[PDB]
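Asker: Only the shape, not the letters, is given here:
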Ligand SMILES: Cc1ncc(COP(=O)(O)O)c(CN)c1O
Ligand SMILES: Cc1ncc(COP(=O)(O)O)c(CN)c1O
């Protein structure tokens, strides 16, 4: 895995911000795209754009073939059994909302429980809040360990015989924690619950095997894995998807339409209403081809190296707090003592470095951490150890700057 | 308006299918894109892709500026009062589903009525079926005239004091009918109902003024108006959107998130959950710039010329039936006597001509027309009268071919 050869394919990396070479460390917010993906979109719009689900003309046939072949690429990518289990959506948020609407709100009675965690992204919190409110069920939270991980015994304690759904993140976009998804799946199944995996942060950076995880549902976003914006995937076990009603209604998802009643298509098109995200889905397939040619295990090893290096170099900094465990994905969420993270991000961008500051759409996690906001640098396959050196040097410069600005008007 | 200069900007038009120059007459299924839109997507992914809703780094600021500027472009394009009334969605289908979920299902009691028409696309039928089923309300249909138009007195007869929603198409993708949207809006308001305009087929081809139409909701799709796939718009009057609950929940649309309760953002972000369709929305803004530079009135005049020419030349054909009125948008839906429309589309594609065959996602309209399927050729700003000549010549050739294949084995 040659990182220079990889960076060469991402045109956006080769520019300056504020007179400094761009150092993009915000891939958890969104990832950048290689030329393969952009040129896939270009070839689609230049050569064979047409509405899909063929039968009539040539460009329509080519568009349909591209779209459904991207579906098959996704099926192979996460090791789903059937294309009927692969639903193209707007993103992770929409997929989780679909599960909450068509599964949760249809399978929850008073006394039932939906169990989530304190580290969940808002996308994996608010749909369940609304579903339990609509059904009169109960929302429960699995507590976290001191290092930001989840113990299996806390899972067994929180999940009960009344738990119908356990919704959990595969990888936390804040803590870097990789949750024991497989063991949690078996624990949930032992109590008669299904499991809903938020895999927005796992899918871009590590191999996904839905058959080995035995997840009942799995959600992912294209924009985080070198793919186009506005497209994502809902995977669900075919037996569960067959008994769920559609979340959206309209053309393409119908079979027979009467004046007052209608019948739906078979999976997966039952859950894809209207003209689909054709170009975006084909580009997501191109992104999958790109990542597979590089190898997800290679990318994960590279990110392990980056994360270990970054954790050590952060521990070389005085007055910096890092949140989460030692064993982690490729990201570091932190805070400088007596410097607000927003100012940290501002100064870093002045140095050309792109990080994120705020709650990272995980307010309950922020309150569990006893902070209002944090700063975060996230890595991907195009990032290098030199960029982490620049990051820690800029953090030291920031510490010194806000220190001596403080001492100067103390004297004044 | 120079049609050669316009065609020069669409690379996909300059290719051959089955050894014949491409003749794309399927723009009602989807439209093709100029270089301005494709290169807008390219510049986004090459230069300033980042997650939006800024505050931290430079590329994020540029991405946010592009996204919200596209929102402002849309507001100007349809003459909405405020950007708070412009919601980016997945497409027309999703926008109509949002209105049916968050307005209809919250404002319908038994005895209430939702009134639609027989010419409606499935996107403007099935959500209302499901909403009236969920609320115990009643679905009603406005009858059609013999020429496929809607009389205002039939509207006054169907809409009653119990009608809460009137959902109607601005332009029929099958009949070519332009419905009297403004008069229907006032009729609906006189009875205490809101009006929901399906403008997927109107927006690409004619000027939209939501303040002059006085539509309560208006839906549109980017892929039909030279814009990227997977993005559309829901417009709704700000006063109605303020009292509607969100259709989706997650990050970006929240303000405060507690363990069990949450508060929403102000409009329009209340209705945009998760990472939005950044590139697609910016490209839709580019498509709006393109169409405005050409001029929607110019495009509408060109399509009027094309439609009149096509209707005359179709009337020069023996044994061909055309459906709809004389005054129409730029499309012709038809049938050849004793030739199934699917065979018509097949032969036409063999001649390089791209038309559509089937129900066009309007099965109740097909049954009203007393046919099972039809063929359809739809026009846009890059189509010419020479292409219509090729179409009618291929239809005559098809008539003669299926005639003499029939006579040859009659003799055999
Ligand atoms: C008149 C009409 N209504 C609504 C739709 C559905 O729009 P979409 O598939 O983009 O969601 C279509 C499909 N072209 C249409 O032409
Ligand atoms: C872990 C996690 N969960 C879910 C989401 C939401 O995904 P999206 O905004 O693409 O819908 C995010 C946002 N990056 C995330 O990182």
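Answerer: Structure received. Numbering: from 1, shown residues only, chains lettered A, B, ... in the order given. Ligands and ions are numbered 1, 2, ... in the order given.
Asker: How about the secondary structure of the residue in the stretch 201-350 of chain A that chain B sits nearest to?
Answerer: In the stretch 201-350 of chain A, the residue that lies nearest chain B is residue A:274 (2.8 Å; C-beta to the nearest C-beta). For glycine as for every other residue, the C-beta is placed from the backbone atoms N, C-alpha and C. What DSSP: H, G, I helix; E, B strand; the rest coil gives for residue A:274 is coil.
Asker: For burial, what's the neighbour tally of it?
Answerer: 27 (other C-beta atoms under 10 Å in any protein chain shown).
Asker: Would you quantify the distance from it to ligand 2?
Answerer: Distance, residue A:274 to ligand 2, by C-beta to the nearest ligand atom, to the nearest Å: 19 Å.
Asker: Same check on residue A:33?
Answerer: 15 Å.
Asker: tell me the contacts of that residue?
Answerer: Contacts for residue A:33 were tallied using C-beta atoms under 8 Å, 6 or more residues apart in numbering or on different chains; they are A:10, A:12, A:226, A:227, A:228, A:287, B:45, B:49.
Asker: Residue A:81 falls within a strand, correct?
Answerer: No - counting by three-state DSSP, residue A:81 is located in no strand; its state is coil.
Asker: quick one: contacts for it?
Answerer: With C-beta under 8 Å, 6+ apart, residue A:81 has these contacts: A:211, A:238.
Asker: Can you read off the backbone torsions of it?
Answerer: Residue A:81 adopts backbone torsions of phi -70, psi -40, taken as degrees, to the nearest 10.
Asker: Repeat that for the one 10 residues further on.
Answerer: Geometry field for residue A:91 lists phi and psi as phi 160, psi -180, criterion degrees, to the nearest 10.
Asker: Up against chain B, what does the stretch 301-412 of chain A have?
Answerer: For the stretch 301-412 of chain A, the contact set with chain B under C-beta under 8 Å from any C-beta of the partner chain comprises A:342, A:345-346, A:348-349, A:353-358, A:361, A:363-364.
Asker: Which of these are buried? Put it as a ChimeraX command.
Answerer: Per 16 or more other C-beta atoms under 10 Å in any protein chain shown, the buried members of those correspond to this ChimeraX selection:
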select /A:345,348,349,353,354,355,356,357,358,361,363,364
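Asker: still on that earlier bit, what distance do you get for the residue of the stretch 201-350 of chain A closest to chain B to residue B:117?
Answerer: 19 Å (C-beta to C-beta, to the nearest Å).
Asker: repeat for residue A:258
Answerer: For residue A:258 relative to residue B:117 (C-beta to C-beta), the value is 15 Å.
Asker: So for the two, which sits in the more crowded spot?
Answerer: For the pair residue A:258 and residue B:117, the greater number of neighbours falls to residue B:117 (28 against 12), based on other C-beta under 10 Å.
Asker: The more buried one bridge partners, please.
Answerer: residue B:142 (DSSP bridges).
Asker: Which strands or helices does the helix or strand where residue A:349 lies pack on?
Answerer: Using DSSP states H and E, residue A:349 sits within helix A:341-350. Applying 3 or more C-beta pairs under 8 Å, 6 or more residues apart in numbering or on different chains; DSSP states H and E, one finds that helix A:341-350 makes contact with strand A:356-358, strand A:374-378, helix A:385-410.
Asker: Buried deepest among those, which one?
Answerer: Neighbour counts (mean count of other C-beta atoms under 10 Å in any protein chain shown) averaged over each of the helices and strands packed on helix A:341-350 peak at strand A:374-378, with a mean of 26.
Asker: and that one, how far out from the chain's middle?
Answerer: Relative to the centre of its chain, strand A:374-378 is centred 15 Å away, using C-alpha atoms, centre = their mean, to the nearest Å.
Asker: Ok, stretch A:264-272 next?
Answerer: On C-alpha atoms, centre = their mean, the centre of stretch A:264-272 falls 24 Å from that of its chain.
Asker: Tell me the span between the first and last residue of that stretch.
Answerer: 11 Å (C-alpha to C-alpha, to the nearest Å).
Asker: Report whether that stretch contacts ligand 1.
Answerer: No - figure legend: stretch A:264-272 not in contact with ligand 1 (C-beta under 6 Å from any ligand atom); closest approach 10.5 Å.
Asker: what does that stretch contact?
Answerer: A:53, A:71, A:83-88, A:98, A:234, A:238, A:241-242, A:246-248, A:252-255.
Asker: Of those residues, which belong to strands?
Answerer: A:86, A:87, A:88, A:234, A:254, A:255 (DSSP state E).
Asker: Buried subset of the residues you listed as a PyMOL selection?
Answerer: In PyMOL, a selection of the buried entries from the ones in strands among the contacts of stretch A:264-272 looks like this (16+ other C-beta under 10 Å):
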select buried, chain A and resi 86+87+88+234+254
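Asker: and which of the ones in strands among the contacts of stretch A:264-272 is nearest residue B:149?
Answerer: The closest of the ones in strands among the contacts of stretch A:264-272 to residue B:149 turns out to be residue A:254 (C-beta to C-beta; 25.7 Å).
Asker: List the residues that contact the residue nearest to residue A:300 when sequence neighbours are not counted.
Answerer: Spatial nearest neighbour of residue A:300, chain neighbours left out: residue A:206 (4.7 Å); criterion: C-beta to C-beta, 6 or more residues apart in numbering or on different chains. Residue A:206 sits next to A:171, A:178, A:296, A:299, A:300, A:329 when contact means C-beta under 8 Å, 6+ apart.
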